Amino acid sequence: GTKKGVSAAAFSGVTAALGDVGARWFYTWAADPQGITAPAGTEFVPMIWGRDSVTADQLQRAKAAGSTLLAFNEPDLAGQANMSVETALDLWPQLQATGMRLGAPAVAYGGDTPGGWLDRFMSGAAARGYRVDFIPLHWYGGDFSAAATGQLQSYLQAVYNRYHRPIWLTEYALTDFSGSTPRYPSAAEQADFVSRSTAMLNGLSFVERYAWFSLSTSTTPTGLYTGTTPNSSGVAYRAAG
């Protein structure tokens, strides 16, 4: 398959972990690999994370580093890119002018909601004659049962049905963020979800790429690897197509 990728940072053993897990692509939330040496066959995808990365220098660096460009990360959240739709649209021509295959900003929430951030962005892009080649999404499930895969699927399908752009899933895991501090599944629940979700994602033609959040436990408790050693979730992700 071409779909399976990961987000990553340059922790000790990252090059080995990327190859071990079989990542076809990766990204780093930045315009370059952030110190990661990718294994052969693992494609880096640059990102323009927020307003401060919309510079001629960053855009040229991104275009030198890869072929596909991801736009702003969670502009809908104050603790992430924290950007209005208007600001994102006004910056958009600079990203579009790279000529790269271009992903929408990845909203944290509400991608299928009429009048939400993504909907207003896509509507304004269409009105302005802008190009948006694909839509990357984020999804963190708070229901840790076998039902989680179908919940994720329904969100992806809703966003595809609304805008008819191919979908990337650039962050996903089981994590309940409803509370003052994140709540996580058991290791077994997580590994089962990795298996079921990747099988689902591999069968949806409109999902081009997906990336578990994240490769390393140094990034998040939902990490797949500690150093070069996969946990049961990393083993399940490695086994996925």
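Numbers for residues come from their place in the sequence shown, where the first is 1.
As the entry records it, the average C-alpha temperature factor is higher for 177 to 185, out of 205 to 213 and 177 to 185. Mean CA temperature factor is higher for 112 to 120 when stretches 135 to 143 and 112 to 120 are set side by side in the entry.
Reading the B-factor column for the CA atoms of 194, 38, 200, 47 in the entry, the top value corresponds to 38. Listed residues 68, 58, 190, 28 were ranked by CA B-factor as deposited; 58 comes out on top. Sort the chain's modelled residues by C-alpha temperature factor and residue 154 lands in the middle third, per the entry. In this PDB entry, residue 171 carries a Cα temperature factor that places it within the lowest third of its chain's modelled residues. Among the modelled residues of the chain, residue 106 sits in the lowest third by CA temperature factor in this PDB entry. The PDB entry assigns residue 100 a C-alpha temperature factor belonging to the lowest third of its chain's modelled residues.
The deposited CA B-factor of residue 233 belongs to the lowest third of values across its chain.
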